[PDB]
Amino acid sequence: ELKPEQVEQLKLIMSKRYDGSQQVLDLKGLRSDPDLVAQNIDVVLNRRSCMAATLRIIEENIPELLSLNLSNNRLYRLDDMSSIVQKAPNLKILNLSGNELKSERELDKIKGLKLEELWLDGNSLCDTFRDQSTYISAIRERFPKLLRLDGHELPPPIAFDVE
């Protein structure tokens, strides 16, 4: 566990990485963060307790959060951040690229998020599909309201039962 002093430091570093205007929290490669490294604080987000401390700080400080970038954090399983639907209710953009997610099922653990944009490129789960087509389906399955995927805009959801 991070001592109170360290949590305050993390709080500070996250605060520096938060863009009130865009309402984006950039937690990319958090481990190798300069300030964190400088003060010898090792935040390993793919470790329960750390994702927890991080999430608590998001819950208690930027509840209105809309965009969260967790790219490049060796995240291999999303269940450790499942309570996020609870903490960042308003979240609508999530960047999970460059992590170590081997399957798209990992996404069932955060299924409650009403994501409009998501990134998964850089995850081995990617070379698990054979065509951008199946891939998009598999993913829209968890987030139907998804508007953009991996940077590319997506065709408005074709509902079969129209009239």
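Heads up: residue numbers just count along the shown sequence, starting at 1.
- The mean Cα B-factor in the deposited entry runs higher for 151-159 than for the other of 151-159 and 136-144.
- The PDB entry reports B-factors from which the mean C-alpha value can be compared for 126-134 and 92-100; the larger average falls on 126-134.
- You'll see in the entry that, of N69, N46, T54, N40, the Cα B factor peaks at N40.
- In the deposited entry, the Cα temperature factor of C50 places it in the lowest third of its chain's modelled residues.
- When the modelled residues of the chain are ordered by C-alpha B-factor, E64 sits in the highest third.
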